[PDB]
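The structure appears below as structure tokens.
Protein chains get the first letters and strands the later ones, always in sequence-line order, with residue 1 at the start of each.
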Amino acid sequence: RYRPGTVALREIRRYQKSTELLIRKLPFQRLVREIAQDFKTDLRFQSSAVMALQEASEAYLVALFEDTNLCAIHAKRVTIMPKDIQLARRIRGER
Amino acid sequence: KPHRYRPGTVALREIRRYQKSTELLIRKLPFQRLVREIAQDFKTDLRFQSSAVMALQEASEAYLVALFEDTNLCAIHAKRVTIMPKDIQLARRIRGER
Amino acid sequence: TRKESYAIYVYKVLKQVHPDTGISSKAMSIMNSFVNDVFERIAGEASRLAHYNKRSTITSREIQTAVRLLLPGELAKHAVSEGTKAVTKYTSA
Amino acid sequence: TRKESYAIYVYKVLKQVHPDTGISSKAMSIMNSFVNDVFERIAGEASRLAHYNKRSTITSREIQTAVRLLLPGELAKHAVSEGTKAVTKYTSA
Amino acid sequence: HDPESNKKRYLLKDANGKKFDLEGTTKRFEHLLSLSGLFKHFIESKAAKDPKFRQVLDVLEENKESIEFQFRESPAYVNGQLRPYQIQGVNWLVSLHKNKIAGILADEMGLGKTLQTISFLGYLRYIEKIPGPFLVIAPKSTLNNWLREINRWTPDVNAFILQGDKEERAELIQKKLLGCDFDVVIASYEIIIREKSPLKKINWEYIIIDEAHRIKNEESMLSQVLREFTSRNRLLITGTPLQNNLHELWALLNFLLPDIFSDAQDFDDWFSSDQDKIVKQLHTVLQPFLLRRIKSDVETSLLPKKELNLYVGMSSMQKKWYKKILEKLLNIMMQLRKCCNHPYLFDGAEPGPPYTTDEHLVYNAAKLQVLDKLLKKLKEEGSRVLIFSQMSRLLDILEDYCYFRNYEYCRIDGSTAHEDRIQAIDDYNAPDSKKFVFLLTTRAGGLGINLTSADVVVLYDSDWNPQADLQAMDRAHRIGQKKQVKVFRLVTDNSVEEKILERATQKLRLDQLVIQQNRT
Amino acid sequence: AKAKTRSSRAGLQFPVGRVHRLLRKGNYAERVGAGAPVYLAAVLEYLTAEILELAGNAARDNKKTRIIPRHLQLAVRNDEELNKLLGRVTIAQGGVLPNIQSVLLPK
Amino acid sequence: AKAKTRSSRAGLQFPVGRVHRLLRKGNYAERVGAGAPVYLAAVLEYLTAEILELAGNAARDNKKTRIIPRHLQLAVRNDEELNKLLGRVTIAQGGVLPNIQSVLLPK
Amino acid sequence: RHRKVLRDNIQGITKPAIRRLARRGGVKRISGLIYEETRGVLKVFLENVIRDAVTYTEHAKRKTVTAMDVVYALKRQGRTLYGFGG
Amino acid sequence: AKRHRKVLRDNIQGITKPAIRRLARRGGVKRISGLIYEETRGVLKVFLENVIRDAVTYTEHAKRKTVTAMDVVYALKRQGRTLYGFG
DNA sequence: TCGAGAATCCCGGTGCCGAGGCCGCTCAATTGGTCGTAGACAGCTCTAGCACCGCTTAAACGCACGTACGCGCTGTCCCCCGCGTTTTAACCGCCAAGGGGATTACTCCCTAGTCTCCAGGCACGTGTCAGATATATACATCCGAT
DNA sequence: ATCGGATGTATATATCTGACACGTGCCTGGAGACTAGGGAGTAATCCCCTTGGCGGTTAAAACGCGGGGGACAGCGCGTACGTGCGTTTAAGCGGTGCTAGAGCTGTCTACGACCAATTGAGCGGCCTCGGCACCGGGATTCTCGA
Ligand SMILES: Nc1ncnc2c1ncn2[C@@H]1O[C@H](COP(=O)(O)OP(=O)(O)O)[C@@H](O)[C@H]1O
Ligand SMILES: [Mg+2]
């Protein structure tokens with residue numbers, strides 16, 4: 001057994017070195033269609049359109065988690081919390 | 001024993017007083033000297049308009065007040081009530097300015 | 001010496017919602033800046049919209065779509081209603 | 001049909017900055033988007049500049065000032081140098 | 001009197017007493033047209049708006065006891081006696097009052113004008129049985145002198161200075177002003193501007209202004225404030241009317257009598273544009289309004305001064321900096337005047353970072369070379385010297401030079417506080433003082449400074465306004481100078497200093513031709 | 001015939017003709033339709049009326065009858081829609097909303 | 001009267017005629033000067049070469065011949081001027097810079 | 001595209017996916033309440049972007065949403081994206 | 001040796017500590033650490049340098065030597081901080 | 001846990017200045033009439049988006065065990081606040097001169113736009129190979145428990 | 001400190017697929033006239049900004065002191081996260097068919113541009129009188145030490 005944090009650090013190094021997409025594709029496609037059906041019914045999507053949506057959303061989430069990590073460290077902590085997320089995207093101006 | 005207010009109760013009164021008003025909080029002559037010195041490194045022999053200096057001061061103080069609000073939020077997040085240079089740095093780093 | 005501004009029209013609008021209220025010159029200048037900024041935003045979005053579809057004309061359709069893109073939520077619905085009412089009245093007259 | 005790309009010019013520049021390297025299709029698409037983005041940014045700033053100064057034409061002075069506004073520091077210096085060099089070489093011919 | 005009657009009469013008996021007084025303006029125009037027929041132009045120009053003044057004019061024209069109370073044998077009520085020309089001035093003031101016209105007392109400084117003014121006020125209170133209120137606006141430095149003079153020659157009057165901190169001023173206002181327990185008020189320019197409201201609500205019998213040339217830009221806030229005041233008559237005391245312009249004289253006159261000299265365009269078109277001989281003779285338009293005496297036919301013991309212009313040529317670094325300025329931090333024509341004084345006034349012109357005060361100081365500036373040679377020469381004779389300059393940084397440089405050559409100095413510029421100002425004046429003016437030079441900015445200290453011990457003045461830097469330099473000379477030419485004053489203006493040849501000198505000479509010629517010619 | 005302004009023909013207060021001129025001379029497109037100035041003038045009028053009603057309410061709350069930049073700021077920052085539309089705008093001489101964090105209060 | 005492109009006449013690689021046409025048909029101004037396309041093409045070519053050399057250096061660092069979006073991202077993010085120019089830009093199939101806060105590393 | 005209504009698809013953004021995103025962000029420990037907050041923020045962001053993209057596709061009188069519509073929506077929200085045209 | 005300047009403490013020090021305290025009070029902060037003032041002065045200097053650089057670029061493109069309120073407003077809008085009230 | 005007492009709000013009185021209201025004029029909106037070309041509409045075609053279906057296999061899920069970390073509590077300094085006393089710098093008012101910059105005409109020239117032909121340059125469609133995956137395979141190199 | 005595992009990390013070989021080179025043609029950039037209007041240069045007027053001085057009032061700013069309360073460190077503890085292991089499951093991949101709808105072509109109106117003539121709307125200038133700022137003074141509230 002590895003002590004807690006070792007596998008997490010190896011995972012950080014693994015995912016900060018790759019470039020792939022970290023969310024599954026079919027679940028995200030279903031999500032965007034379900035969201036879109038609240039604006040106009042019987043809508044069709046280009047595969048490129050869904051791919052661009054996934055890239056943008058994943059970049060947004062990764063860049064948000066960096067700020068959340070900074071907020072958690074600022075409070076002498078290593079665990080990120082919903083209050084950290086709220087502080088991050090309240091300082092950014094998305095509140 | 002002469003009357004004395006406990007620490008903090010005058011700071012809160014000042015907070016209310018200054019959040020109720022609208023006038024500028026920095027002195028015009030020092031601010032004008034500062035901007036005139038800063039502009040000397042981009043083009044010497046520059047003239048200024050009074051409205052230009054006024055616009056610079058309004059923008060600067062709005063920026064600083066917003067920064068202090070964010071700094072206060074960081075300080076409270078860290079379970080404190082005193083704002084610190086680390087809080088200022090965190091606020092400017094999250095906003096994307098550093 | 002002639003500087004055009006929206007002050008006269010803003011005052012006409014003010015005397016309709018608050019018939020007994022005045023306005024200072026600083027608030028007038030802020031209102032003029034606000035009107036110019038909103039005009040620029042809507043016109044720029046409409047220009048981009050016409051460019052995206054290879055159109056040479058800016059029409060009320062482009063203005064409506066730009067308004068829906070820029071204004072948030074409840075503001076956009078009422079703005080679209082007002083614009084449509086004005087266009088129908090004008091084209092009927 | 002017949003969409004323009006910038007791909008061949010980007011490849012020409014690449015084949016002289018790094019004569020023996022290549023480039024992937026997705027990377028080339030990214031490079032094309034970068035060129036178009038910078039073009040529209042500089043042109044928009046130059047247009048706004050000419051409108052501010054009440055001029056009808058866009059000239060190399062507007063392009064130079066837009067470059068100085070948009071680029072950071074050393075990039076702005078070297079880009080100004082290259083643009084001026086090209087303009088002088090073109091005029092003296 | 002009693003505070004009740006003074007409350008009844010001093011205060012504004014009506015809400016708005018400022019209106020068109022027909023009798024006063026009729027008498028004014030009658031006396032004016034009796035004096036001469038030149039003022040018809042002013043009356044016609046002002047008649048283009050109000051037909052009441054025009055109807056007064058034509059009524060007076062179609063109809064076509066000045067008691068000679070010369071007040072000789074100086075007033076008994078005034079303590080002691082005073083000189084005959086003072087009697088003549090008091091008689092002039094009485095004639096002005098009985099003819100319902102104002103005037104400008106323009107005796108030269110030191111002749112004594114406060115005594116004449118307070119004697120005139122004593123005449124009013126005693127021979128005309130009319131006490132105050134009387135407003136007296138003076139520079140802040142002279143309020144105590146005014147109070148002492150009033151308490152000395154006519155002691156039995158009420159005079160309180162309105163000076164003091166805000167609370168003291170308010171309590172004084174309530175105790176005396178609104179209480180109407182006074183006769184004469186002494187106030188400063190800043191006090192008049194500040195305590196405007198409690199002072200407007202008084203029916204003033206007179207507004208005396210010492211050093212009235214201060215009120216010469218009729219757009220100055222003091223002018224606007226003084227216009228809102230309500231008074232019966234006004235008086236101006238100043239030794240330098242028409243400093244550098246005819247418009248300023250018109251502004252003084254417009255304050256004095258705003259109905260006569262109501263148009264500045266008329267006064268400018270009067271002379272500004274033989275061609276300049278007969279029009280000069282038309283200065284009888286100002287003959288009854290101005291009285292000026294010269295301290296040469298009255299006094300005597302003050303030998304006159306001799307002025308020499310010492311021309312110098314720029315040095316090598318001066319030439320370099322002059323060319324660098326001329327063809328091209330540096331944001332005005334004054335940079336040319338800095339270079340003509342000393343190149344060290346620009347940062348970096350002084351050689352090298354580890355600065356040493358040595359001969360290069362005098363070496364690098366030609367004015368300083370000539371000044372050094374002349375200073376040594378005068379030091380042979382033991383004469384004491386006053387240095388004047390438009391700039392105080394040049395006074396710093398001169399201080400360093402003077403210390404480097406072991407001379408004893410004392411500085412008075414705008415920075416030095418009033419107490420040490422008096423201290424330095426006393427040190428220099430000690431009967432056995434060992435101080436040699438007195439560094440001094442030209443426009444400093446007002447008029448209270450009395451450096452009579454010195455007998456040599458050098459104007460290291462001339463001024464746009466010739467009257468400022470004339471006052472600077474007067475700081476040593478003041479009454480009591482038993483020696484002979486010797487003045488030296490340093491002029492840099494073939495530079496902008498010649499242009500400044502030419503402009504100042506034009507202005508001085510204007511003053512001499514207009515006011516100093518027929519002053520008698 | 002008799003001239004009638006397009007503003008009156010559309011029942012508006014804002015200048016349809018001036019909006020048309022600015023659209024034509026602003027380098028926005030090669031041609032401008034007939035209904036675009038009308039639509040844009042109507043939208044501008046609506047937004048102006050909205051913000052002015054809120055500002056007048058604020059002025060009357062402060063026991064004054066004249067709108068000032070403070071009242072404009074109070075109107076804008078107290079409404080979520082206008083606060084979103086004007087998020088990056090700073091109103092000169094406007095001040096801030098009075099707001100003290102509850103952790104900072106006594107006891 | 002053999003033709004000679006203004007792109008070759010200026011010594012550039014990017015097209016000057018195409019840039020001129022895009023400026024002329026982009027609704028930027030009523031008129032377009034003669035040297036504006038040349039200046040703009042020179043600036044664009046300079047920026048392209050600037051980013052491309054850094055991307056090629058990164059590709060050589062990873063021992064690869066072709067340039068991929070990962071190399072473009074590495075170049076842009078590791079160069080400070082380019083990172084400030086492309087601050088609000090997402091590069092698809094790029095990634096992040098390897099960076100771990102020091103507080104998280106084991107003692 | 002006929003008679004299809006979907007629900008609860010936000011739960012398809014699984015906890016391991018959020019954890020991978022946090023790891024690429026450089027996060028070592030994750031609180032158990034972070035996943036619902038993440039789902040909320042993702043849904044809000046996606047709603048805004050899709051609203052703008054659908055507005056563009058409606059103006060073009062189309063029924064298909066294109067990558068260029070998505071790119072325009074992101075660019076107007078201030079999140080320029082390279083690699084899908086433009 | 002007084003002909004030398006030996007005067008004029010730095011112009012950034014003209015943003016006195018009471019002024020920064022007033023700005024903090026308007027921002028709603030209660031206790032201020034002693035090291036906040038130097039940090040605030042540095043932040044303000046950086047902001048002013050950016051804005052003034054852009055404004056000077058505008059005015060020198062216009063071929064003037066006077067910075068105007070319009071130049072400052074354009075510079076601010078270009079940074080992304082629109083300012084209402086100066087035209 | 002009730003008085004001191006200090007700060008704040010709420011009243012009247014001034015007073016002053018800027019917001020509204022009126023008048024003249026001029027210049028941009030409006031009206032009427034060509035004209036030409038964008039876009040609106042109808043028709044076609046072919047592509048790519050959608051709906052399935054089957055199959056494999058990683059990835060997600062649920063559960064357990066147990067550290068280590070987040071949180072509460074307790075002292076301890078020490079640093080920041082409240083307050084009083086100096087003192088000093090901002091803030092008005094002034095003086096001088098001169099240039100910068102905005103208007104408002106004028107003159108004029110040269111540099112753009114607008115056409116007409118007409119060749120080359122570039123986009124598109126192909127047909128190869130070599131650089132970049134995929135698998136194994138052995139090595140070295142951290143990590144964690146004795 | 002040393003040893004036993006588990007995890008990258010190079011290293012070699014085989015595939016394939018996508019990047020690059022080559023050929024067509026067509027449409028767009030270039031050459032060449034011709035023209036008109038945009039912008040540069042000139043001149044006059046008036047108002048604002050700079051520089052280096054002066055004088056004065058008067059709040060803020062700076063400084064020192066005391067003391068209180070907040071920061072910071074240390075300790076304990078008890079959950080709640082991480083790690084790892086079976087177990088489903090549903091995502092990804094490949095293949096197929098179907099049809100909607102995206103994109104292109106051709107016609108031809110109808111609607112925008114443009115021009116000339118006319119005239120009302122809006123801008124600048126001028127004047128005044130209420131709204132708001134300021135100033136005592138008096139009641140009210142809130143803090144503090146009992
Ligand atoms: N007995 C006297 N008779 C005349 N003048 C006197 C007498 N005593 C003193 N003086 C002078 O009167 C002068 C007052 O006038 P002055 O100082 O010239 O005032 P200002 O400078 O305002 O003209 C004093 O300087 C003083 O020397
Ligand atoms: Mg005197």
Rounded to whole Å, CG of E:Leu222 lies from P of J:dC94 at a distance of 6 Å
Report yes if at least one side-chain N or O of E:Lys216 is closer than 4.0 Å to OP1 or OP2 of J:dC95; otherwise report no. yes
Euclidean distance, atom NZ of residue E:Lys166 to atom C1' of K:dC134 [Å, nearest integer]: 12 Å
Take nucleotides 55-75 of chain J nucleotide by nucleotide from the 5' end and write B, S or -, depending on whether a protein heavy atom sits under 4.0 Å from the base, only from the sugar-phosphate, or from neither. -----SS------SSSS----
Sugar pucker at K:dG66, from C1'-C2'-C3'-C4' (positive north, negative south), flagged north
Ignoring backbone atoms, test whether E:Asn217 places a side-chain nitrogen or oxygen under 4.0 Å from the OP1 or OP2 oxygen of J:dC95. yes
Establish, with yes or no, whether the OP1 or OP2 oxygen of J:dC94 is under 4.0 angstrom from a side-chain nitrogen or oxygen of E:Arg214. yes
Any side-chain N or O of F:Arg6 below 4.0 angstrom from OP1/OP2 of J:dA29? no
Are any of H:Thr64's side-chain N or O atoms less than 4.0 Å away from OP1 or OP2 of J:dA48? no
K:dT51 phosphate, OP1 or OP2, under 4.0 Å from E:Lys338 side-chain N/O: no
Decide whether H:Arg62 and H:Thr57 meet the rule of one side-chain donor and one side-chain acceptor closer than 3.5 Å. yes
Would you mind telling me which of K:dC123, K:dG53, K:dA113 lies closest to the side-chain atoms of E:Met391? K:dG53
For E:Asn244 and A:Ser48, find the nucleotide of DNA chain J closest to each by heavy atoms; which residue's nucleotide sits nearer the 5' end? A:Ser48
So, G:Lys4 and G:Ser8: side-chain donor and acceptor under 3.5 Å apart, yes or no? yes
Of E:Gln243 and D:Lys12, the one whose closest DNA chain J nucleotide lies more 5': E:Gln243
With the side chain defined as heavy atoms from C-beta on, I:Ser33 is closest, among K:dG122, J:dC94, J:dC80, to J:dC80
North or south sugar for K:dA139 (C1'-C2'-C3'-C4' positive means north): south
Whole-Å distance, E:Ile332 CD1 to J:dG100 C1', equals 13 Å
What pair of heavy atoms forms the shortest contact from G:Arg66 to G:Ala59, and how long is it? O-CB, 3.7 Å
d(CZ, A:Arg10; P, J:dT141) in whole Å: 17 Å
State which of K:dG52, J:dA40, K:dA113 makes the closest approach to the side chain of F:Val32. K:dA113
Classification of the K:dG53 sugar, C1'-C2'-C3'-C4' positive north, negative south: north
Considering heavy-atom distances to DNA chain K, does C:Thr1 or E:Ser141 have its closest nucleotide positioned more toward the 5' end? E:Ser141
Testing J:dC94, K:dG131, K:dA100 for proximity to the side chain of F:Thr65, the answer is K:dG131
Minimum heavy-atom distance between E:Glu248 and E:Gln243, given as atom pair plus value: OE1-N, 3.7 Å
Separation of J:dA89 atom P from B:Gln32 atom CD, nearest Å, is 17 Å
J:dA112: by the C1'-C2'-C3'-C4' sign convention (positive north, negative south), the sugar is north
So, is E:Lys201 close to the J:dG15 phosphate, meaning a side-chain N or O under 4.0 Å from OP1 or OP2? yes
Between B:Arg47 and I:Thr66, do the side chains contain a donor N or O and an acceptor N or O under 3.5 Å apart? yes
Check whether any side-chain N or O of B:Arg36 sits under 4.0 Å from OP1 or OP2 of K:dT50, and answer yes or no. yes
With a cut-off of less than 4.0 Å, is there a side-chain N or O of C:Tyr9 near OP1 or OP2 of K:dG122? yes
Face-on cation placement of E:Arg443 at E:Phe388 ring, 6.0 Å and 45° thresholds: no
For G:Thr65 and D:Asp20, which heavy atoms make the closest approach, and how far apart are they? CG2-O, 4.1 Å
How do H:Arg19 and F:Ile68 order along DNA chain K: which one's closest nucleotide is nearer the 5' end? H:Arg19
Within the pair E:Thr442 and K:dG53, is there a side-chain N or O less than 4.0 Å away from OP1 or OP2? no
Using the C1'-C2'-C3'-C4' sign, is J:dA64 on the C3'-endo (north) or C2'-endo (south) side? north
When you measure from the centre of the six-membered ring of E:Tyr189, is the NZ or CZ of E:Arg214 closer than 6.0 Å and no more than 45° off the axis? yes
Check whether any side-chain nitrogen or oxygen of F:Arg18 sits under 4.0 Å from OP1 or OP2 of J:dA28, and answer yes or no. no
Side-chain donor-acceptor contact under 3.5 Å, E:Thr442 with E:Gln390: yes
Of all the nucleotides listed (K:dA19, K:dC132, J:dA96), which has the minimum atom distance to the side chain of G:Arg66? K:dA19
Taking only N and O in the side chain of F:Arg24, is any of them less than 4.0 Å away from OP1 or OP2 of J:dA29? no
Could you work out which one of J:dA132, J:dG100, K:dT51 sits closest to the side chain of E:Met334? K:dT51
Side-chain atoms of B:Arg6 come closest, of J:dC16, K:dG122, K:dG69, to K:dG69
Can you confirm if the NZ or CZ of F:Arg18 lies within 45° of the ring axis of C:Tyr9 and under 6.0 Å from the centre of its six-membered ring? no
For the side chain of A:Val7, starting at C-beta, report the closest nucleotide among K:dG55, K:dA62, K:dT83. K:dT83
Ignoring backbone atoms, test whether A:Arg14 places a side-chain nitrogen or oxygen under 4.0 Å from the OP1 or OP2 oxygen of K:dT9. no
Side-chain atoms of H:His2 come closest, of J:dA51, J:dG101, J:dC94, to J:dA51
If only side-chain N and O atoms of B:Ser50 are considered, is one of them under 4.0 Å from the OP1 or OP2 phosphate oxygen of K:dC49? yes
Integer-rounded Å distance: J:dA19 P and C:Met28 CE: 10 Å
Without decimals, in angstroms, what is the distance between E:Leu329 CG and K:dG52 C1'? 16 Å
Give one of base, sugar-phosphate or nothing for E:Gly445, where a contact means two heavy atoms less than 4.0 Å apart. sugar-phosphate
Using side-chain heavy atoms (C-beta onward) and a distance below 4.5 Å, is F:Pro15 in contact with F:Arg6? no
Any idea which of J:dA19, J:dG100, K:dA19 is nearest the I:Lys65 side chain? J:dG100
Output the rounded distance in Å from CZ (B:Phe48) to P (J:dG101). 13 Å
